[PDB]
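So this first bit is one chain, no partners, the form solved without adenosine-5'-triphosphate (ATP), shown in structure tokens.
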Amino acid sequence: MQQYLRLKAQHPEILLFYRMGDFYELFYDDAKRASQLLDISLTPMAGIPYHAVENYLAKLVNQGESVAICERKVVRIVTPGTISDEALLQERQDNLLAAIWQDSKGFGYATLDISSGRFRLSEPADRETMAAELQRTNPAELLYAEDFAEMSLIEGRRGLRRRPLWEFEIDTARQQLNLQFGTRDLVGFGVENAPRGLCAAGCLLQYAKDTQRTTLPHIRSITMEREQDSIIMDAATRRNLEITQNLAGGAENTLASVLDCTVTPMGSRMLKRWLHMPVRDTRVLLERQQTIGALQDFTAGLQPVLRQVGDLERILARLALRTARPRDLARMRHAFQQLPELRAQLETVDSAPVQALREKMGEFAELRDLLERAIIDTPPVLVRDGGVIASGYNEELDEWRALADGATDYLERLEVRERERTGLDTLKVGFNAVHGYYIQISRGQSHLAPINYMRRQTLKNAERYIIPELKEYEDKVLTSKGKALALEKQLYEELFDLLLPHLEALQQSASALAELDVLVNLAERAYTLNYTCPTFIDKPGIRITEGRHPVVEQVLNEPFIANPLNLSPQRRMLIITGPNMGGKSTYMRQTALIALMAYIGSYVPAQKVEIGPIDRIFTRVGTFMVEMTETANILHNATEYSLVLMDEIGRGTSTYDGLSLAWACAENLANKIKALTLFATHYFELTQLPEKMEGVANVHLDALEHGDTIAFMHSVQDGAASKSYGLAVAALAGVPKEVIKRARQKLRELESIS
């Protein structure tokens, strides 16, 4: 095998698998890497088995690697951004492709979901907005121009794919895009005056087409994500809020873990999207609130039926790409059968948007009857070996199967004919690809074979024979099986012809069913978790009553202590002093999350929630350097509609430098920015603020001392903290009695002055 590096040249940046019997083997830096990612030995060659290529392809793909299969030439290529088989895809997690680039004016950006067809473009102006979008969208594969100057954004990222500047050319991209969608201009989509981002979507759509070498009819539209259509959240804020991802890397004890009790995978992906994309436009919010309130009674009724629909989104993608396997068509049929029950249940629900999803759902009765008659109840995984088309769908196929079936029934009778004639109880008719049909006597009885029996194969304890009669029916069976298997393949391709016309309507359905799932779910969550419906006010403000952390109340097992919040423009900054130990931090995060959820359209963890409009949520809660950097970002971009959450800035540098930076930040946020702010500090000197300025108030956390421990209470109440707790804590940790005594003396000395 000298001649194989000649195929490595064809695409160097992609790891090359190479058939070598029943395995795929790799060379050079494609071995070093493939052992460090997948875990396999390094003889420089590594290799996976053929029985689990899909397993090992998905793990490479999920680590942001394209693979190329070789069997000789390159027959297949998978890439992180463009896979659509259900074996390479995490069920409840979006898998986006993306392109990014940079003008002398700003950035362009586009994500594709190659299964839903969800195509978005944006145009981030500064680089922090850009980074926010990268964290949020979190694409499996990023395309980017060499051009690209600001490499620190995408520097450490899976699936980077360097593209030439000419692929990002505007005019070429407008056409390719207009051709894809069947429009003359891109005005129906809202993006015709949005060139930077159009150039990203141009590069992406062209890369996508290349990975598939097929039409992508399911991609029929594009939307632009505006900035002022959304509560902007920096990456450090999405991390600290643990919306979808705990700081620990995974998915436990996160907002989605508690709010996401949807019943279809497509509903789960959509909700997680909604949770990362709070919208500022109350019209849609009041629309969601009202739907959620309407479907509350109907939740037990709807969800068992909705669960049956399954992941129709991703199935429909495999219809669009013409790769759907028999079970895919079978689940599409199963889903269709739910639609009359879903439409019946939803019919009396008094909401305009629920009835609109009801219509959007469709019924598709013809396609239900088509697949009911065309496919058997539980068809094999593949079409390969037939057994998928139903009985009595195609009169011709039935004749062929009966010619086979009856030729096979002859050979069974041949068995019993030969058994009765020869009187040899071990006689049997078997079948095998190497020999066709055969009579088999055992070795003990083989010497008494009739002398018309032609010998063919000697086993250890048996002999095999053919006779003219046998081989006659071998043909009868095999031509009838071969023709019926050909008619099945053709009739299966004909089901795509009948299904594909209604591809658009089908995509509408799956989307409606994916939104019904989200809205019914959020409905169940509100009712089941004692949430209430928040109202919106004209000027900024957050009035909360007995509010809670939506996760911590569910995840811990101690009684969760609820608190109020009163932020108006006449009271826009609380100085939270006292012990933290999770208490302040929790109070602050439950504020953001409550706000986050009002603006997702969900009910919220509280007795009452009024809330003015919010444009950004900053949460600096988690070097001194990093703290000051995240603080710099708030002070540079916070507005008077911003929600700002600050966790004890100053620790990590000198008392005075730190006290002086806290003082100046709180001042700057109360007086200049005027953001609604929870400024959690430890500096007691900072409680003198509410006197020195308008619109600042003091609240605090306390601790109660009992027995020989201490209970860190979680009730925020008015006034400054009037106690400290580090000596008390050290005492209980068993720092020498005398040390603490001297510490208490020092502590008094130091306070007395200021």
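Residue numbers run from 1 along the displayed sequence. Here the rigid core means the biggest group of C-alpha atoms that line up within 1.5 Å when the two forms are laid on top of each other.
For the cut-off of one third of the other compared entries, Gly707 qualifies: that many or more give it no coordinates while modelling its flanks. Coverage remark for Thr623: absent from the model in at least one third of the other entries compared whose chains are built on both sides. A chain break between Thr43 and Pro44 is present, corresponding to 10 or more residues of the deposited sequence without coordinates. In this entry, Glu71 is separated from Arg72 by 10 or more residues of the deposited sequence that have no coordinates.
Below: the form deposited with adenosine-5'-triphosphate (ATP) bound, not depicted.
Using a 2.4 Å cut-off against backbone and C-beta atoms, adenosine-5'-triphosphate (ATP), superposed onto this form from its pose in the deposited bound form, places 3 or more atoms that close, and the site is blocked. No residue in the set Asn62, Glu141 and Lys209 has a non-hydrogen atom no more than 4.5 Å from adenosine-5'-triphosphate (ATP) in the deposited bound form. In summary, the region of this chain contacting adenosine-5'-triphosphate (ATP) in the deposited bound form, judged by heavy atoms within 4.5 Å and restricted to 661 to 669, 556 to 564, 393 to 401, 470 to 478, corresponds to 556 to 564. Within 4.5 Å of some heavy atom of adenosine-5'-triphosphate (ATP) in the deposited bound form lies at least one heavy atom of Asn580. At a distance threshold of 4.5 angstroms between non-hydrogen atoms, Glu648 is in contact with adenosine-5'-triphosphate (ATP) in the deposited bound form. Although the partner is absent here, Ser268 is not a contact residue: none of its heavy atoms lies within 4.5 angstroms of adenosine-5'-triphosphate (ATP) in the deposited bound form.
In the deposited bound form, no heavy atom of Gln338 sits within 4.5 Å of adenosine-5'-triphosphate (ATP). With the partner removed from view, the residue among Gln289, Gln180, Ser585, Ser509 that has a non-hydrogen atom within 4.5 Å of adenosine-5'-triphosphate (ATP) in the deposited bound form turns out to be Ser585.
Comparing the two forms between the shown form and the other one on the rigid core, the single residue of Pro613, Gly406, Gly293, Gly362 with a CA shift of 2 Å or greater is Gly406.
Remark: with the core as the superposition reference, the CA shift of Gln36 between the shown form and the other one reaches 2 Å or more. Core-superposed comparison between the shown form and the other one: the CA of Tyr437 exceeds or equals a 2 Å shift. Superposed on the core, the two forms differ at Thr422: its CA moves 2 Å or more between the shown form and the other one. Three angstroms is the minimum change: in the deposited bound form, the CA atoms of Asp210 and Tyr24 sit closer than in this structure, by 3 Å or more. Relative to this form, the distance between the C-alpha atoms of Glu25 and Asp210 is reduced by at least 3 angstroms in the deposited bound form.
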